[PDB]
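A.B. asks: Before we start, here is the structure in question, set down as structure tokens.
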Amino acid sequence: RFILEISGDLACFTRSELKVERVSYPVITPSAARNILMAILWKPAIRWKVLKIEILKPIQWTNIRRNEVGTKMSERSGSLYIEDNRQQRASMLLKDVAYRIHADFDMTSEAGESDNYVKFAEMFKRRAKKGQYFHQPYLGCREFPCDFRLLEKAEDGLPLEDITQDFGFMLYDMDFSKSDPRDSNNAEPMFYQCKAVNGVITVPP
RNA sequence: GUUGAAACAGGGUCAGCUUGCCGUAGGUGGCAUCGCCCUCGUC
């Protein structure tokens, strides 16, 4: 297990229901935490899996109505012109957030030759301690980074000490087992928060 | 290296065109520097 602390100023764990108005999730998405761990280090052999999220900063909603685009790019239209495809997508961002995601990893079917668990574990530990990453972690959206810092146990205070509020079904991690190399078609299996006592745990598939 | 990616607050708008702080009004009634004092004792 790795107790990697994710911290940042603003966040945007955009809910699947409110994508037109990017209302952020109450806490960090387990799928977002797995994506962060993969952007720090990943390979066609290592399969990241989130185990437990421990909140370290109170939930603070901040509405930032951003102006987005609503039409994708392709080989057809050589240009976009946002003056004809403007989208005033709201974004209830999460100001001042901090989470120490306890998570580990397994092995995929295409592990290859170098399928050593200890090798990938040490590589992830070095990348988290020195500050190396394949891609900058994002707090639900790439417009917000993550001041990550690998913790050995606990090096920060948490506000949710007693029994708090349950956030219901949140997006655990989309099912990409039915997807070919480079995902395309997927599903959406979700899970309950159980109870945000101090550090909510995830239910592995 | 197969897992949210792309995202405008805008192009831009004289806060004025203006309006007498005045019309206007006694520091006044009026009150003794006084009631008083050897330039001396005198060489």
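Chains: A, B, ... in order of the structure tokens. Residues: from 1 per chain. Ligands: from 1, in order shown.
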I want to know what sits within 12 Å of residue 122 (chain A), based on only C-alpha atoms (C1' of nucleotides), with residues of the same chain fewer than 5 positions away left out; could you give that as a ChimeraX atom specification?
C.D. replies: /A:1-2,41,116-117,127-130
A.B. asks: Now that the selection is made, can you save its residues with C-alpha atoms as a compact mmCIF listing (two decimals), in the first residue's frame?
C.D. replies:
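Here's the written file again_2.txt:
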# COMPACT_ATOMS: atom_id res chain seq x y z
CA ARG A 1 0.00 0.00 0.00
CA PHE A 2 1.06 3.59 -0.71
CA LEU A 41 3.65 5.86 -13.05
CA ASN A 116 8.09 -7.74 -10.76
CA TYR A 117 5.78 -6.14 -8.21
CA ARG A 127 8.75 8.96 -8.52
CA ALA A 128 6.55 10.09 -5.62
CA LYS A 129 9.42 11.02 -3.29
CA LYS A 130 11.56 12.85 -5.86
A.B. asks: List every residue of chain B that has an atom at most 10 Å from any atom of chain A, giving for each one its closest atom pair and the distance in Å to one decimal, counting only C-alpha atoms (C1' of nucleotides), sorted by chain and then by ascending residue number, as a tab-separated table.
C.D. replies:
residue	atom	partner	partner_atom	distance
B:1	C1'	A:43	CA	5.8
B:2	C1'	A:182	CA	3.9
B:3	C1'	A:35	CA	6.9
B:4	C1'	A:141	CA	6.9
B:5	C1'	A:142	CA	8.3
B:6	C1'	A:69	CA	7.6
B:7	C1'	A:68	CA	4.1
B:8	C1'	A:67	CA	6.6
B:9	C1'	A:67	CA	7.7
B:10	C1'	A:83	CA	9.5
B:11	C1'	A:83	CA	10.0
A.B. asks: Please save C-alpha atoms (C1' of nucleotides) of the selected residues as a PDB file, in the first residue's frame.
C.D. replies:
ATOM      1  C1'   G B   1       1.909   4.526 -21.877  1.00  0.00           C
ATOM      2  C1'   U B   2      -4.622   2.169 -22.988  1.00  0.00           C
ATOM      3  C1'   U B   3      -8.164   5.765 -18.915  1.00  0.00           C
ATOM      4  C1'   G B   4     -11.024  13.791 -19.152  1.00  0.00           C
ATOM      5  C1'   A B   5      -8.776  15.224 -22.756  1.00  0.00           C
ATOM      6  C1'   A B   6      -9.921  21.026 -25.710  1.00  0.00           C
ATOM      7  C1'   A B   7     -12.211  25.206 -23.050  1.00  0.00           C
ATOM      8  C1'   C B   8     -12.597  34.014 -23.418  1.00  0.00           C
ATOM      9  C1'   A B   9     -15.240  37.111 -20.336  1.00  0.00           C
ATOM     10  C1'   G B  10     -16.023  38.670 -24.354  1.00  0.00           C
ATOM     11  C1'   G B  11     -15.319  41.804 -29.033  1.00  0.00           C
TER      12        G B  11
END
A.B. asks: Excluding residue 57 (chain A) and residues on its chain fewer than 5 positions from it, collect all residues at most 9 Å away from it, counting only C-alpha atoms (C1' of nucleotides), and give them as a PyMOL selection string.
C.D. replies: chain A and resi 7+96-99+157-160
A.B. asks: Find the residue from A:177, A:136, A:24, A:164 that sits nearest to residue 95 (chain A); use only C-alpha atoms when measuring.
C.D. replies: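 Checking each of A:177, A:136, A:24, A:164 against residue 95 (chain A), counting only C-alpha atoms, the winner is A:24.
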A.B. asks: Can you measure CA of residue 29 (chain A) to CA of residue 110 (chain A) for me? One decimal in Å is fine.
C.D. replies: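 For CA of residue 29 (chain A) relative to CA of residue 110 (chain A), the distance reads 26.6 Å.
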A.B. asks: Go through region 77-106 of chain A and collect every residue that DSSP, computed from the backbone, puts in strand (DSSP E); the answer should be as a list in words.
C.D. replies: residues 86, 87, 91, 92, 93, 94, 95, 96, 97, 98, 99, 100, 101, 102, 103, 104, 105 and 106 of chain A
A.B. asks: Can you work out the spacing between CA of residue 63 (chain A) and CA of residue 170 (chain A) in Å, to one decimal?
C.D. replies: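 Pair CA of residue 63 (chain A) / CA of residue 170 (chain A) returns 20.4 Å.
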